[PDB]
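Just so you know, structure 1 and structure 2 below are the same protein chain in two forms, each on its own as C-alpha cells.
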Structure 1
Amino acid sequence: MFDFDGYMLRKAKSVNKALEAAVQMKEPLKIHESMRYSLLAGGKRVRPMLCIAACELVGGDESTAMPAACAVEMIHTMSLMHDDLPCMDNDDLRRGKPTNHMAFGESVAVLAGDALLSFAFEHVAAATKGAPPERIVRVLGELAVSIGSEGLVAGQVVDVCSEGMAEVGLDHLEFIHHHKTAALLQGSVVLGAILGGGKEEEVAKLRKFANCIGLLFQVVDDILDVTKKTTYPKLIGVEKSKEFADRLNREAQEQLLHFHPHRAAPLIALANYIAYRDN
C-alpha cells in the first residue's frame, strides 16, 4: 500500500479521540485519573487498528467497530498496568513516566485496571450501534475467551510460573506467546470481522492471520535481540527463526487472498512491517 505509516497514524488518532471520550474524568477521581493515565498515554494502537481493519475488510465501517476497538485497547492497557506491579514485573517506568502504581499507589492501580476490564465489556455492549444483539453478545463472548483462562491470562500465569525453570521447550514458549500476545490480536480481528458482517469462513481466515502475526511478532523480537530466558534463537537458532518468521508472514497473507486487495492492503502491510522492522 502507499503510506502505511499514514494509515496507522490516522487510525491511532480516531482511536485516541474515542478513548478520551469513553473514559472521562469523574467521581471517584483517583480511579478515573488512574484509568486515563495509562489508557491515554499514547501507544501504536495496533489492537484497535486490527479490529477496525478487519471490520472494514469485510465491508463494515469504523464506527460500528469503534467501541470494540477501544475495548481491546482497554484490556491491553489494564494488562500492562497489572503487569508493571511489584508482584509482577515491578517496573518503575513506562514511556519515561512513572508506572501506574508509582503514581497512584498499588491499590488504585489494581482497581483502575479491574475498572478498564469491566468497562470494556460495558462499552462494547452498550455503545455498539449497527449490529444485531446476537452479534454483539457473540463478540462479547469472543472478547471474553481471548482474555481469560484460554487466552491473555493463561499466557500471563504460565509465564510467571515458568520464570523459575529452564526446561522450556518450543511448545511451552509457543503457549506463552500464543496466549500472552496472539490471543488478544485474534480477539481484535474477530470482533471487527463479526461486527462487519463477515461469514464464518472469513472470520476463520482472519483468525489464522492474527494467530500468525502474533507469533510472528515474538519471533522477530527474538531475532532482533540476538542481532543488535528461552528464546527462539536458543531453541532453533536465528537461521531457522527467520525461516519460521517468513513462513508465518507468508501464511498470514495467504489468508487474505480472497478479500478485496485494497481492503486487505493495510493488514498485509502490517504483516510485512512486523516481519521486517529493524527494531
Structure 2
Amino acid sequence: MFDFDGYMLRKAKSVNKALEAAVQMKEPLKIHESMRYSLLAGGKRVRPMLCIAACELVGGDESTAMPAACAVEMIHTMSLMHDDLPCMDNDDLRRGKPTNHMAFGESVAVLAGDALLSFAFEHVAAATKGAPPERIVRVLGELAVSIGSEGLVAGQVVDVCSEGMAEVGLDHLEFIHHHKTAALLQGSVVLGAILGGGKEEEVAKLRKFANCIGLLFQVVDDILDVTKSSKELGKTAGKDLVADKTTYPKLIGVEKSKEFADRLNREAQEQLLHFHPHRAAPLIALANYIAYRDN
C-alpha cells in the first residue's frame, strides 16, 4: 500500500523549507517581501513535487533536484502574480490572500515577479550539486524552452488575444492549454529526470507523461473555475464564466469535460507502465491527485 497523503505532506514540507531558505529578506526589502509574500503563500506545490518524483524515479535523489524544483515553483509563482494584475485578469484573491499588486502596488508586483523568474535561473545554475555542468546547462535550456515563446508565455499571450474568438476549435483551445499549463509541467518532470541521470528513452516517456497530466491539470482548473467558490479555490473564481475565454467547460460542457479529464488521466498512467509499479507509485499518486483535487 502507498500512503499518498503522507508522501505529499513530507515532500511539500521539504519544498516549502527550501523555498523559504532560497528567497530571504534583504535589500531592497519591498521587492523581497513581495517575492516571499506570493512564493510562500501556500500553493499545492504540484510542479516541484513532480520534478523531485521524476528525479527519484530514475535513480536520482531529492537533494539534486531541489534547486530545480524550487526554480519551477518560482517561475510558476511569478506567472500567477503577473496573471492576476489589473491589465491581465484583475483578480483580488490568490493562494488565500489579497493578490500581490493589491498589497505592494502594481510596480513592486511586476518587479518581484521579474526577480523570481531571474533568480530561478540563478538558483538552479549556482546551487545544483550532484550533476555535472553539462547536465545543468542542458536543464536550464529545457526550463527556458518550457516557459518562453514556445511554452508558457505563448500560451498566455494566445489566451489574452484569443479572448474574443467564439468559434474556437479544439485545436486552438488545445494550443492554449498545452502551452500555458502543460509546458511547465513538462519542464518540471523533464528537469528532474535529466538531473536524475535518466536515459533518453525514459526522459522521452516521461515528457509524453507530463504532457497528458499537463493538459489534465488545466482541463481540471477550468472545471474548478465553474464549480467551486472563490473561497474554496483560494483564488478568484468565476470570471471564466463570463469572459469569452477559450475553455473546455464551454466548447463541450462540464460533464463531457469531466469525462475528458478521466481519459487524460488513464492515458498518463498508461505511460507510467514503462516503469516498475513500485517506483511509479509516487507519480501515479501525483497523477490522481492532479485529477481529483478540489483546488
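Only the largest set of C-alpha atoms that superpose within 1.5 Å between the two forms is called the rigid core. One-based numbering along structure 1's sequence throughout.
Could you say if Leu191 and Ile236 end up in a single rigid part, given the chain moves as two rigid parts between the two structures?
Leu191, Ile236: different rigid bodies.
Swing of the smaller rigid portion against the larger one between the two structures, to the nearest whole degree
So the smaller rigid part is rotated by 20 degrees.
What is the C-alpha shift for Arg247 between the two structures, rigid core superposed, to one decimal in Å?
That residue's C-alpha sits 3.5 Å away in the other form.
After superposing on the rigid core, how much does the Cα of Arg138 shift between the two structures, in Å?
Taking the core as reference, the C-alpha of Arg138 is shifted 0.1 Å.
Can you give the CA shift of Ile223 between the two structures, in Å, with the two forms fit on their core?
Residue shift at the C-alpha: 5.9 Å.
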